[PDB]
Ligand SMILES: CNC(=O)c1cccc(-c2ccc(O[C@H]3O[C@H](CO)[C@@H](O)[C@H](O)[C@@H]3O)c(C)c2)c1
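Before any questions on binding or motion, here is one chain by itself as structure tokens, the form solved without the ligand.
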């Protein structure tokens, strides 16, 4: 399980935690508003698929940070939505190929205002995600943290 950002920046492997800088494009929707689609920003593969299959889950306690710290919403993880901040462990995503594919994650916000918005500055913290990596033929089982930072200035709609 080895990942990088769309800008080309490596993300640590093997249990190291990371500061991960991403571009975001928030959008207002009926119901949940999109904060960031990480599936356009973080790409991952498996460098040893013949010998091991990787499984990755999002752990409880994953949450917004910075100016979004007080907000709730949902996380779409591999085609299903779950409460955010997370209070349970998601099902597993499988990595079994050397070909980069998205980390299939998008973060949404529950409307709490009438037409409000929150400015996110480039360089500021968006979210703190806790990941857990396991595999099929081993007992290796470790957790690590991705601090998600904004690359660009945006307005997140809260209405």
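Residue numbers count along the first chain shown, from 1.
Below, we refer to the form deposited with the ligand bound, which is not included among the displayed structures.
Checking 52, 34, 93, 118 against the ligand in the entry with it bound, a heavy atom within 4.5 Å turns up for just one residue: 52. Here the chain stands alone, but in the entry with it bound its contact with the ligand, taken as any heavy atom within 4.5 Å, falls in 41-49 among 41-49, 64-72, 100-108, 122-130. Using a 4.5 Å cut-off to the ligand in the entry with it bound, not one of 78, 82 and 86 places a heavy atom inside that distance. Shown alone here, residue 138 lies within 4.5 Å of the ligand in the entry with it bound, counting heavy atoms only.
Heavy atoms of residue 13 reach within 4.5 Å of the ligand in the entry with it bound, making it an interface residue.
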